[PDB]
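Shown here is one chain on its own, the form deposited in one PDB entry, set out as structure tokens.
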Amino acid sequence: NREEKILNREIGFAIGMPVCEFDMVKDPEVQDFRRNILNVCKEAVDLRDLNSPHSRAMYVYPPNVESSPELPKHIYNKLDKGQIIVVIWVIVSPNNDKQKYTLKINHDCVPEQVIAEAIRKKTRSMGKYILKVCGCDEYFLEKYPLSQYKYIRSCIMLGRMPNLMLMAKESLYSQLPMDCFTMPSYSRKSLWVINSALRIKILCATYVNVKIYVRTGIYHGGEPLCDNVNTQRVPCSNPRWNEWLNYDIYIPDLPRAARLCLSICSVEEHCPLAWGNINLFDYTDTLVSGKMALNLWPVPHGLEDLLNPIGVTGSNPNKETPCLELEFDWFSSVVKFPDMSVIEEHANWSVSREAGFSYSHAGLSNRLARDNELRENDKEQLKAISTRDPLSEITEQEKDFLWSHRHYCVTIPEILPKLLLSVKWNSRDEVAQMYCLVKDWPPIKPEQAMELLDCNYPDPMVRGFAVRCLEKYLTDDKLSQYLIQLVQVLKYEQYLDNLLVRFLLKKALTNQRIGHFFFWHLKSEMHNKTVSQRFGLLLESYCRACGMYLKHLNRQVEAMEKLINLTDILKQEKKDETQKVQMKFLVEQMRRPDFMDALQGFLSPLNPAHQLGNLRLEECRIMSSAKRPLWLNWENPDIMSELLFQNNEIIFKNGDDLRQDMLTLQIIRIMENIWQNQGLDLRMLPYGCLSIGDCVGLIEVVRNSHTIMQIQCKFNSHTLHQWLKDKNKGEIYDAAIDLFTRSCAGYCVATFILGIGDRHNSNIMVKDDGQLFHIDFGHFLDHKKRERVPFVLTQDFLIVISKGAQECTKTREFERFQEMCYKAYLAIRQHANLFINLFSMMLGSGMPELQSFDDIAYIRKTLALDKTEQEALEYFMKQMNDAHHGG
């Protein structure tokens, strides 16, 4: 069709690859994913056309609301007896004359009441409307209490006056095109009865351009199901074997997520050359048989073991790589994994069998359950085990213990991860019973459920339960917050079509705020040939059904492409020139017709609520930094821009990997949020940062900020205190000292916990109002490979806290500061599992300082998790005492 070819061109531009390349893939899993995923697209469209135009408007402008209507105690204390002053703006006559109406209303007033009160005040000056945030495209389209909107909750917590704009419903509705989605043209046995041991034949290898052998292993996630089996040491000039390998496992005992993990190794001096993993079952539940070829992957930097089970599963798309040929066993017919009915029957047969076991029969195994023998000691031991962090070692005795008491475990549902790690995944009698307990398992918090999606949990039944917990209890706010982790754990799915991908895609196509960041996280990794087919196909499905937003995403993609091209020219053809010569070249290139239009009139990828109007060339700069970052400035075309910011500014940087910074910034926001609900107000600055491609992204501009260096220059340790004292003269002096010490306490604790790169005067920034914050988070955890203190409070910082006192280490102000630090540290300690899990979910991402569970072990040290709460406080204090050489 003409409309189809036009749409296919648009999708190609968005993903950065032509749709016709997907058509060419002869792999029934790829073509089935394309067809089958389309029902998620249909479902999402139906939900968006349910209550038109309002439900279309709710998709485009979802309420940016907090997870709970309940406001914290210290926040309410900022309100005039639970009441808020809000300003409502009405544009009257086509002259664009702005009229304001100041209202004093209850914090929990619904937008409809707020509107009625604004029209009363407008009428006293003598339902067909919606409220909009002044200066940006944020709307209050739903019946939430006003204080539940993040914008209002923020204005309350910052002692800022909210500015809302009354707008006719039909003015917004008319600006929402009806997007009628079209279905693309591509939309149109045996079982457990295999009485045999596992044997896989390794035939030969091609493209082996260097004696050598092939190492093999049967894995369930990163765990061996039997002993590893090596081939003979044949010479590399003739890599042939035709040798069958025998495994210590019965074919009916292979779990659903079992994989063959292999590598070509070179011999006392063992070293892996190329590696590759294969699923023993395909996406149809079929056990793989006969001849098959696998293109291997390059050994990653710092890979000690001969195998890579935690590595990507599938053939390398690059076919000019070592290609191992192998052959799997063939039986009577095609073998399939048994269905739930067969599994449920087997578990019930096993359960009933065990229930009739004599005292002495149960005595034969420590894994054997003893009915009505569960004492309160056993019950307390189980509770103690369940409160341990996810990285705590579960001993073999504890594993036998947990499994024998799996029926009591149902009563403490948060023990599910520990109990799942205690199962003998190579025992079908155990796994069948694990399934039936998972099928009826009480639901757990989405934060506990997220862990079950990491690399330690490959089983589909387990991942399905976790997805079900996200579907019932994960709010759109929390989904937005953990989207990066959720997108990463997709790479851990055995197959293209799964329940996690279906849930994410449904939410992306049902909420444009989610859809926006979902698109960008996927797109940013499209250069990675390990994920580009998975992420490309998911992008294609998203682009066919997101509606009008594809056209807006294309404006964003083109703008970024131009900025990448421009900065690639400045770095490779203007690198040695002066800033003046580079600026002249830049302003002449951005003025060109092949650039001017592509760089203005689009939505900010950092926050699509921000419209980027005309580019203000005279305000744009090439920043002094090494990677020649662009400080870009555009006019905000909003009618009421003057109430937020008249010019939207962003930093574009081409050269640095921004992925560790996004993770740290995300963790800073989560820490601040925990502290804020806990009652202790330590203001943090998790500025926006979005990786849009390979070492390329955006950084949010922080207005009225200066490095510690800039201050100390325009010496003495009282310079910083005097600068702040001068910037905040009069009664406002104390509010600035309180904000400095509070933000300072937050960063001391956050940076100590996370092991961030060493702090200096050009790494630390201060706002005019006293808010201190850190920049450049490219280094974290055990990156110095014994625990560091990256943020050392010098005399300058302590002199500010102690209000200019000489003996700042011995003041009331410093004792108050220390208490903020201990309270902050103990609050994070209480939420350790969350942080541990956020980090564990990012292990598959190629982050250089997050490669294994030993890198995450660093926060187990900084949070003194094996210790008691008081010994942990004493530990933190010693770390602070040692670094500062004082106390």
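C-alpha atoms forming the largest set that superposes within 1.5 Å between two forms make up the rigid core. Heads up: residue numbers just count along the shown sequence, starting at 1.
Same protein, other form: the form deposited in another entry, not shown, and the subject of what follows.
After superposition on the rigid core, the C-alpha displacement between the shown form and the other one reaches 2 Å or more for just one residue among 734, 577, 142, 561, namely 577. Relative to the superposed rigid core, the position of the CA of residue 159 differs between the shown form and the other one by less than 2 Å.
A movement of the C-alpha atom of residue 300 reaching 2 angstroms or beyond is seen between the shown form and the other one when the two forms are aligned on their rigid core.
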